[PDB]
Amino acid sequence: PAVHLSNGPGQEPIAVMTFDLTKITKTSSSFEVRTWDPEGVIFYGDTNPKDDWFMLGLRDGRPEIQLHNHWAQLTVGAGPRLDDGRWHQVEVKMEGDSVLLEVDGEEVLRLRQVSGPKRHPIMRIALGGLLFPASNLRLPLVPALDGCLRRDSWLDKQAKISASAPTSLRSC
């Protein structure tokens, strides 16, 4: 059961979820993605769109992470091209103070010393788009990602406060 990561011309995400950070024990997300599109946003996360946000996307077909928080501000590409039309497994995990990115079962990137142990305790996760204008990225891209998403798990179901309407979704 797959859903489109893009719905029409607009750049708005296809879904948003909110979580209570005081109740998250599983700090990882995993999904499968398929696309012929070399550029776009896969998902976005934040507790504050000005001071504490994260983006996983594609640029030139390869994963790109942009991160801006108290401890780190970076724009990093890594891993192989994923715009080949094959399904790819992706996992993003927080391990200690590091963010790990695994692609097709292989760790391709570890951003060390990017997270601390004060913080707004509501985390939003947006799929297929950002929760601010693309102009506010560290390095702008065009967020629309013409691809499909399946087998997707986001953080801890036990900590979810809200989830956007699922009837917005468009089957693949």
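Quick note: we count residues from 1 along the sequence shown, nothing fancier.
According to the record, no deposited residue between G105 and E106 is left without atomic coordinates. Higher mean CA B-factor, judged across 121-129 and 138-146 from the recorded values: 138-146.
Of the two stretches examined, 52-60 and 31-39, the record assigns the greater average C-alpha temperature factor to 31-39. Ranked within its chain, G79 lands in the middle third, by CA B factor from the PDB record.
Per-chain ranking of the deposited C-alpha B factor places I161 in the middle third.
Ranked against the other modelled residues of its chain, the C-alpha B-factor of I24 as given in the entry falls in the highest third.
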